[PDB]
Amino acid sequence: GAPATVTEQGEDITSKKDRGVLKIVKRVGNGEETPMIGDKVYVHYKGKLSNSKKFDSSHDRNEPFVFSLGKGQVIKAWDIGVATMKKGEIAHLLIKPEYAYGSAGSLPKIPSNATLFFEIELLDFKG
Ligand SMILES: O=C1[C@@H]2CCC[C@H]([C@@H](CO)CN1Cc1ccccn1)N2S(=O)(=O)c1cc(Cl)cc(Cl)c1
């Protein structure tokens with residue numbers, strides 16, 4: 001399935017090159033620009049655990065998720081991954097716990113030492 005593919009075929013997008021965040025582009029976005037620190041970013045996403053459980057989805061809420069890029073409002077892998085995305089891009093991320101919730105997890109939804117899969121669609125961003 002998709003998590004397998006990004007695990008096996010994804011690009012390491014970390015600056016450390018520690019394979020902690022892997023990415024594949026599912027839909028190529030529009031224009032070369034990518035969001036920058038402080039930008040208000042609007043996305044749709046779905047997140048799955050390594051047992052296939054879908055732990056969250058913005059689509060299921062009929063409204064996007066909004067955050068300010070690069071400010072630590074989200075897990076590290078999102079600040080890193082979303083910074084790579086073009087407007088309209090759909091990407092998959094496969095994230096080791098060091099770039100997500102670590103050994104603590106985030107109860108009740110995210111267990112300890114959880115590798116996370118996301119599909120993210122970047123709808124828009126603005127300074
Ligand atoms: O950094 C996050 C990441 C990535 C952005 C989308 C969501 C938001 C919105 O739920 C939560 N956060 C930030 C955050 C804030 C507070 C506690 C834990 N995490 N998540 S998430 O992994 O899908 C998530 C979804 C849900 Cl329902 C619960 C948790 Cl603990 C985490």
# chains A, B, ... in the order shown; residues from 1 in each chain; ligands from 1

call {"tool": "residues_around", "arguments": {"residues": "residue 114 in chain A", "least_positions_apart": "5", "cutoff": "12 Å", "atoms": "only C-alpha atoms", "output": "mmCIF file with N, CA, C and O atoms, in the first residue's frame"}}
result
data_model
loop_
_atom_site.group_PDB
_atom_site.id
_atom_site.type_symbol
_atom_site.label_atom_id
_atom_site.label_comp_id
_atom_site.auth_asym_id
_atom_site.auth_seq_id
_atom_site.Cartn_x
_atom_site.Cartn_y
_atom_site.Cartn_z
ATOM 1 N N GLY A 47 -3.831 10.882 8.363
ATOM 2 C CA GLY A 47 -2.736 10.251 9.068
ATOM 3 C C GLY A 47 -3.055 8.818 9.468
ATOM 4 O O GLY A 47 -4.180 8.548 9.849
ATOM 5 N N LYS A 48 -2.112 7.895 9.266
ATOM 6 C CA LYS A 48 -2.278 6.500 9.617
ATOM 7 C C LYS A 48 -1.110 6.022 10.476
ATOM 8 O O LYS A 48 0.042 6.416 10.264
ATOM 9 N N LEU A 49 -1.429 5.094 11.366
ATOM 10 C CA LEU A 49 -0.441 4.366 12.143
ATOM 11 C C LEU A 49 0.044 3.173 11.324
ATOM 12 O O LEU A 49 -0.554 2.815 10.305
ATOM 13 N N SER A 50 1.070 2.491 11.831
ATOM 14 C CA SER A 50 1.732 1.415 11.120
ATOM 15 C C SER A 50 0.921 0.126 11.177
ATOM 16 O O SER A 50 1.265 -0.842 10.488
ATOM 17 N N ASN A 51 -0.170 0.142 11.952
ATOM 18 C CA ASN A 51 -1.152 -0.936 11.937
ATOM 19 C C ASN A 51 -2.334 -0.695 10.988
ATOM 20 O O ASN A 51 -3.278 -1.511 10.958
ATOM 21 N N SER A 52 -2.247 0.398 10.200
ATOM 22 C CA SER A 52 -3.197 0.818 9.173
ATOM 23 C C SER A 52 -4.293 1.725 9.742
ATOM 24 O O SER A 52 -5.042 2.282 8.953
ATOM 25 N N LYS A 53 -4.375 1.895 11.069
ATOM 26 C CA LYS A 53 -5.433 2.699 11.663
ATOM 27 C C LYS A 53 -5.307 4.144 11.186
ATOM 28 O O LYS A 53 -4.250 4.761 11.321
ATOM 29 N N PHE A 55 -5.784 7.619 12.156
ATOM 30 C CA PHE A 55 -5.978 8.273 13.428
ATOM 31 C C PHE A 55 -6.569 9.681 13.293
ATOM 32 O O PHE A 55 -7.105 10.199 14.279
ATOM 33 N N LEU A 94 6.562 9.630 5.426
ATOM 34 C CA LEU A 94 6.751 8.507 6.328
ATOM 35 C C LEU A 94 7.772 8.992 7.352
ATOM 36 O O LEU A 94 8.908 9.358 7.014
ATOM 37 N N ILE A 95 7.349 9.053 8.611
ATOM 38 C CA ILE A 95 8.017 9.805 9.661
ATOM 39 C C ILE A 95 8.368 8.888 10.836
ATOM 40 O O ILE A 95 7.484 8.275 11.453
ATOM 41 N N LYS A 96 9.665 8.833 11.169
ATOM 42 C CA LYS A 96 10.123 8.101 12.339
ATOM 43 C C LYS A 96 9.835 8.917 13.597
ATOM 44 O O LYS A 96 9.641 10.137 13.542
ATOM 45 N N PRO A 97 9.725 8.238 14.752
ATOM 46 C CA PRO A 97 9.269 8.922 15.950
ATOM 47 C C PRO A 97 10.117 10.112 16.405
ATOM 48 O O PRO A 97 9.536 11.058 16.943
ATOM 49 N N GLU A 98 11.408 10.145 16.053
ATOM 50 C CA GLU A 98 12.268 11.269 16.423
ATOM 51 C C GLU A 98 11.770 12.583 15.815
ATOM 52 O O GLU A 98 12.039 13.647 16.346
ATOM 53 N N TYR A 99 11.038 12.502 14.689
ATOM 54 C CA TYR A 99 10.503 13.683 13.999
ATOM 55 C C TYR A 99 8.993 13.869 14.208
ATOM 56 O O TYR A 99 8.347 14.677 13.545
ATOM 57 N N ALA A 100 8.436 13.094 15.130
ATOM 58 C CA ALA A 100 7.025 13.164 15.467
ATOM 59 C C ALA A 100 6.863 13.246 16.982
ATOM 60 O O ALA A 100 7.318 14.227 17.566
ATOM 61 N N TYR A 101 6.349 12.204 17.639
ATOM 62 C CA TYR A 101 6.011 12.276 19.062
ATOM 63 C C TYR A 101 6.942 11.439 19.941
ATOM 64 O O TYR A 101 6.716 11.374 21.146
ATOM 65 N N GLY A 102 7.989 10.846 19.372
ATOM 66 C CA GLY A 102 9.008 10.178 20.173
ATOM 67 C C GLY A 102 8.474 9.026 21.020
ATOM 68 O O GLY A 102 7.455 8.399 20.713
ATOM 69 N N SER A 103 9.173 8.728 22.119
ATOM 70 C CA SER A 103 8.771 7.671 23.027
ATOM 71 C C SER A 103 7.559 8.060 23.877
ATOM 72 O O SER A 103 6.851 7.184 24.357
ATOM 73 N N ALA A 104 7.282 9.358 24.031
ATOM 74 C CA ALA A 104 6.125 9.795 24.809
ATOM 75 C C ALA A 104 4.817 9.499 24.075
ATOM 76 O O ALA A 104 3.771 9.281 24.687
ATOM 77 N N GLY A 105 4.819 9.640 22.749
ATOM 78 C CA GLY A 105 3.594 9.561 21.997
ATOM 79 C C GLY A 105 2.770 10.805 22.322
ATOM 80 O O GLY A 105 3.304 11.789 22.850
ATOM 81 N N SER A 106 1.478 10.720 22.052
ATOM 82 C CA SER A 106 0.548 11.788 22.351
ATOM 83 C C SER A 106 -0.802 11.138 22.574
ATOM 84 O O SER A 106 -1.561 10.923 21.638
ATOM 85 N N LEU A 107 -1.063 10.805 23.836
ATOM 86 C CA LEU A 107 -2.214 9.994 24.176
ATOM 87 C C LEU A 107 -3.490 10.814 24.067
ATOM 88 O O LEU A 107 -3.496 12.003 24.380
ATOM 89 N N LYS A 109 -4.306 9.138 21.077
ATOM 90 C CA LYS A 109 -4.334 8.710 19.681
ATOM 91 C C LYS A 109 -2.990 8.194 19.163
ATOM 92 O O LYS A 109 -2.961 7.327 18.281
#

call {"tool": "select_by_dssp", "arguments": {"residues": "range 7-121 of chain A", "states": "strand (DSSP E)", "output": "PyMOL selection string"}}
result
chain A and resi 11-12+21-27+40-48+54-57+65-68+90-95+116-121

call {"tool": "atom_distance", "arguments": {"atom1": "atom 20 (N, counted along the ligand's line) of ligand 1", "atom2": "CA of residue 28 in chain A"}}
result
23.1 Å

call {"tool": "closest_atom_pairs", "arguments": {"of": "chain A", "to": "ligand 1", "cutoff": "10 Å", "atoms": "only C-alpha atoms and all ligand atoms", "output": "CSV"}}
result
residue,atom,partner,partner_atom_place_in_ligand_line,distance
A:43,CA,ligand 1,6 (C),9.1
A:44,CA,ligand 1,6 (C),9.2
A:45,CA,ligand 1,6 (C),7.5
A:46,CA,ligand 1,23 (O),7.1
A:47,CA,ligand 1,23 (O),5.6
A:48,CA,ligand 1,23 (O),8.5
A:49,CA,ligand 1,22 (O),9.8
A:54,CA,ligand 1,23 (O),9.6
A:55,CA,ligand 1,27 (Cl),6.2
A:56,CA,ligand 1,27 (Cl),4.9
A:57,CA,ligand 1,23 (O),7.3
A:58,CA,ligand 1,6 (C),8.4
A:64,CA,ligand 1,6 (C),10.0
A:65,CA,ligand 1,6 (C),6.9
A:66,CA,ligand 1,5 (C),8.7
A:67,CA,ligand 1,5 (C),8.2
A:72,CA,ligand 1,1 (O),8.2
A:73,CA,ligand 1,13 (C),6.0
A:74,CA,ligand 1,1 (O),3.2
A:75,CA,ligand 1,1 (O),3.9
A:76,CA,ligand 1,1 (O),7.5
A:77,CA,ligand 1,4 (C),8.3
A:78,CA,ligand 1,4 (C),6.2
A:79,CA,ligand 1,1 (O),8.8
A:99,CA,ligand 1,1 (O),10.0
A:100,CA,ligand 1,1 (O),7.4
A:101,CA,ligand 1,18 (C),7.9
A:105,CA,ligand 1,30 (Cl),7.6
A:106,CA,ligand 1,30 (Cl),4.6
A:107,CA,ligand 1,30 (Cl),6.4
A:108,CA,ligand 1,30 (Cl),7.4
A:109,CA,ligand 1,28 (C),5.6
A:110,CA,ligand 1,30 (Cl),5.8
A:111,CA,ligand 1,30 (Cl),9.2
A:116,CA,ligand 1,22 (O),7.8
A:117,CA,ligand 1,22 (O),9.2
A:118,CA,ligand 1,23 (O),7.9
A:120,CA,ligand 1,6 (C),9.7

call {"tool": "write_last_selection", "arguments": {"atoms": "C-alpha atoms", "output": "PDB file, in the first residue's frame"}}
result
ATOM      1  CA  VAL A  43      -3.719  21.805   4.083  1.00  0.00           C
ATOM      2  CA  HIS A  44      -5.870  18.724   3.886  1.00  0.00           C
ATOM      3  CA  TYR A  45      -4.387  15.559   5.372  1.00  0.00           C
ATOM      4  CA  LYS A  46      -4.944  12.070   6.579  1.00  0.00           C
ATOM      5  CA  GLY A  47      -2.736  10.251   9.068  1.00  0.00           C
ATOM      6  CA  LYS A  48      -2.278   6.500   9.617  1.00  0.00           C
ATOM      7  CA  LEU A  49      -0.441   4.366  12.143  1.00  0.00           C
ATOM      8  CA  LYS A  54      -6.439   6.148  10.330  1.00  0.00           C
ATOM      9  CA  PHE A  55      -5.978   8.273  13.428  1.00  0.00           C
ATOM     10  CA  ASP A  56      -7.062  11.612  11.912  1.00  0.00           C
ATOM     11  CA  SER A  57      -8.329  13.259   8.752  1.00  0.00           C
ATOM     12  CA  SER A  58      -9.158  16.860   7.914  1.00  0.00           C
ATOM     13  CA  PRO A  64      -8.655  22.331   6.282  1.00  0.00           C
ATOM     14  CA  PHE A  65      -5.961  22.401   8.919  1.00  0.00           C
ATOM     15  CA  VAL A  66      -4.199  25.725   9.288  1.00  0.00           C
ATOM     16  CA  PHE A  67      -0.831  26.439  10.871  1.00  0.00           C
ATOM     17  CA  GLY A  72       7.026  24.496  16.037  1.00  0.00           C
ATOM     18  CA  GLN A  73       3.202  24.507  16.048  1.00  0.00           C
ATOM     19  CA  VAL A  74       3.324  21.005  14.545  1.00  0.00           C
ATOM     20  CA  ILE A  75       5.611  17.994  14.715  1.00  0.00           C
ATOM     21  CA  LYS A  76       9.057  18.576  13.258  1.00  0.00           C
ATOM     22  CA  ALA A  77       8.378  16.417  10.213  1.00  0.00           C
ATOM     23  CA  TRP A  78       5.508  18.688   9.192  1.00  0.00           C
ATOM     24  CA  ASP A  79       7.612  21.867   9.449  1.00  0.00           C
ATOM     25  CA  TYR A  99      10.503  13.683  13.999  1.00  0.00           C
ATOM     26  CA  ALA A 100       7.025  13.164  15.467  1.00  0.00           C
ATOM     27  CA  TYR A 101       6.011  12.276  19.062  1.00  0.00           C
ATOM     28  CA  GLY A 105       3.594   9.561  21.997  1.00  0.00           C
ATOM     29  CA  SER A 106       0.548  11.788  22.351  1.00  0.00           C
ATOM     30  CA  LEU A 107      -2.214   9.994  24.176  1.00  0.00           C
ATOM     31  CA  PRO A 108      -4.681   8.727  23.477  1.00  0.00           C
ATOM     32  CA  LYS A 109      -4.334   8.710  19.681  1.00  0.00           C
ATOM     33  CA  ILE A 110      -0.583   8.410  19.091  1.00  0.00           C
ATOM     34  CA  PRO A 111       1.252   5.546  20.816  1.00  0.00           C
ATOM     35  CA  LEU A 116       3.512   7.880  11.107  1.00  0.00           C
ATOM     36  CA  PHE A 117       2.221   8.029   7.552  1.00  0.00           C
ATOM     37  CA  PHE A 118       0.541  11.155   6.151  1.00  0.00           C
ATOM     38  CA  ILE A 120      -0.941  15.943   2.686  1.00  0.00           C
TER      39      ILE A 120
END

call {"tool": "residues_around", "arguments": {"residues": "residue 23 in chain A", "least_positions_apart": "6", "cutoff": "8 Å", "atoms": "only C-alpha atoms", "output": "list in words"}}
result
residues 6, 10, 11, 12, 13, 81, 91, 92, 93 and 94 of chain A

call {"tool": "atom_distance", "arguments": {"atom1": "CA of residue 37 in chain A", "atom2": "CA of residue 85 in chain A"}}
result
13.1 Å

call {"tool": "atom_distance", "arguments": {"atom1": "CA of residue 7 in chain A", "atom2": "CA of residue 87 in chain A"}}
result
24.0 Å

call {"tool": "select_by_dssp", "arguments": {"residues": "chain A", "states": "helix (DSSP H, G or I)", "output": "list in words"}}
result
residues 2, 3, 4, 5, 6, 7, 8, 9, 59, 60, 61, 76, 77, 78, 79, 80, 81, 82, 97, 98 and 99 of chain A

call {"tool": "closest_residue", "arguments": {"among": "A:14, A:30, A:9, A:68", "to": "residue 127 in chain A", "atoms": "only C-alpha atoms"}}
result
A:68
